[PDB]
Amino acid sequence: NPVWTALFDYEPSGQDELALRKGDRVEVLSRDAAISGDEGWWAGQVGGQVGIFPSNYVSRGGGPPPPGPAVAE
């Protein structure tokens, strides 16, 4: 299990979503949508809580992510 780092705060919109704070070390349990329930969301663990969170909210080492395509809403 690789441990990624949170780039931003994330406030959950439900009980299945994992709250993130910038700097959190996140243990990534599954990058697969068959587990997370949604493309682009991963399953992980922080502080003994497990839940899903957005994959664009973490980076391998906590520095800026690889330069490339953004997300629309």
# chains A, B, ... in the order shown; residues from 1 in each chain; ligands from 1
$ residues_around --residues "residue 37 (chain A)" --least-positions-apart "5" --cutoff "12 Å" --atoms "only C-alpha atoms" --output "PyMOL selection string"
chain A and resi 16-17+30-32+42-43+51-54
$ write_last_selection --atoms "N, CA, C and O atoms" --output "PDB file, in the first residue's frame"
ATOM      1  N   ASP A  16     -19.507   8.159   3.461  1.00  0.00           N
ATOM      2  CA  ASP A  16     -18.516   7.311   2.761  1.00  0.00           C
ATOM      3  C   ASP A  16     -17.251   8.013   2.288  1.00  0.00           C
ATOM      4  O   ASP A  16     -16.261   7.339   1.910  1.00  0.00           O
ATOM      5  N   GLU A  17     -17.262   9.343   2.364  1.00  0.00           N
ATOM      6  CA  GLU A  17     -16.141  10.142   1.908  1.00  0.00           C
ATOM      7  C   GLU A  17     -15.215  10.463   3.089  1.00  0.00           C
ATOM      8  O   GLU A  17     -15.650  10.758   4.211  1.00  0.00           O
ATOM      9  N   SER A  30      -7.103   1.356  -2.741  1.00  0.00           N
ATOM     10  CA  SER A  30      -7.538   0.926  -4.085  1.00  0.00           C
ATOM     11  C   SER A  30      -7.811   2.117  -5.021  1.00  0.00           C
ATOM     12  O   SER A  30      -8.562   3.046  -4.683  1.00  0.00           O
ATOM     13  N   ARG A  31      -7.240   2.041  -6.211  1.00  0.00           N
ATOM     14  CA  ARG A  31      -7.419   3.074  -7.194  1.00  0.00           C
ATOM     15  C   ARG A  31      -8.540   2.682  -8.107  1.00  0.00           C
ATOM     16  O   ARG A  31      -8.804   3.367  -9.051  1.00  0.00           O
ATOM     17  N   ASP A  32      -9.242   1.613  -7.809  1.00  0.00           N
ATOM     18  CA  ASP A  32     -10.163   1.053  -8.761  1.00  0.00           C
ATOM     19  C   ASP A  32     -11.607   1.434  -8.474  1.00  0.00           C
ATOM     20  O   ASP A  32     -12.084   1.386  -7.331  1.00  0.00           O
ATOM     21  N   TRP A  42     -10.570   7.362  -5.221  1.00  0.00           N
ATOM     22  CA  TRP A  42      -9.836   6.263  -4.674  1.00  0.00           C
ATOM     23  C   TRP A  42     -10.387   5.950  -3.285  1.00  0.00           C
ATOM     24  O   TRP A  42     -11.128   6.749  -2.683  1.00  0.00           O
ATOM     25  N   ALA A  43     -10.011   4.764  -2.773  1.00  0.00           N
ATOM     26  CA  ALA A  43     -10.341   4.354  -1.421  1.00  0.00           C
ATOM     27  C   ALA A  43      -9.053   4.407  -0.646  1.00  0.00           C
ATOM     28  O   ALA A  43      -7.988   3.991  -1.108  1.00  0.00           O
ATOM     29  N   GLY A  51     -12.332   5.503   3.663  1.00  0.00           N
ATOM     30  CA  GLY A  51     -13.389   6.099   2.869  1.00  0.00           C
ATOM     31  C   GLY A  51     -12.786   6.466   1.535  1.00  0.00           C
ATOM     32  O   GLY A  51     -11.623   6.136   1.242  1.00  0.00           O
ATOM     33  N   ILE A  52     -13.591   7.108   0.713  1.00  0.00           N
ATOM     34  CA  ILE A  52     -13.182   7.447  -0.643  1.00  0.00           C
ATOM     35  C   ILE A  52     -12.827   8.950  -0.706  1.00  0.00           C
ATOM     36  O   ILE A  52     -13.334   9.769   0.060  1.00  0.00           O
ATOM     37  N   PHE A  53     -11.995   9.315  -1.656  1.00  0.00           N
ATOM     38  CA  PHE A  53     -11.608  10.725  -1.769  1.00  0.00           C
ATOM     39  C   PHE A  53     -11.143  10.974  -3.228  1.00  0.00           C
ATOM     40  O   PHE A  53     -10.824  10.017  -3.952  1.00  0.00           O
ATOM     41  N   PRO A  54     -11.020  12.233  -3.653  1.00  0.00           N
ATOM     42  CA  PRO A  54     -10.704  12.471  -5.060  1.00  0.00           C
ATOM     43  C   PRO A  54      -9.274  12.292  -5.341  1.00  0.00           C
ATOM     44  O   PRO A  54      -8.418  12.684  -4.566  1.00  0.00           O
TER      45      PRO A  54
END
$ select_by_dssp --residues "chain A" --states "strand (DSSP E)" --output "count of residues only"
24
$ residues_around --residues "region 71-73 of chain A" --least-positions-apart "4" --cutoff "12 Å" --atoms "only C-alpha atoms" --output "ChimeraX atom specification"
/A:40,54-57
$ atom_distance --atom1 "CA of residue 15 (chain A)" --atom2 "CA of residue 62 (chain A)"
25.2 Å
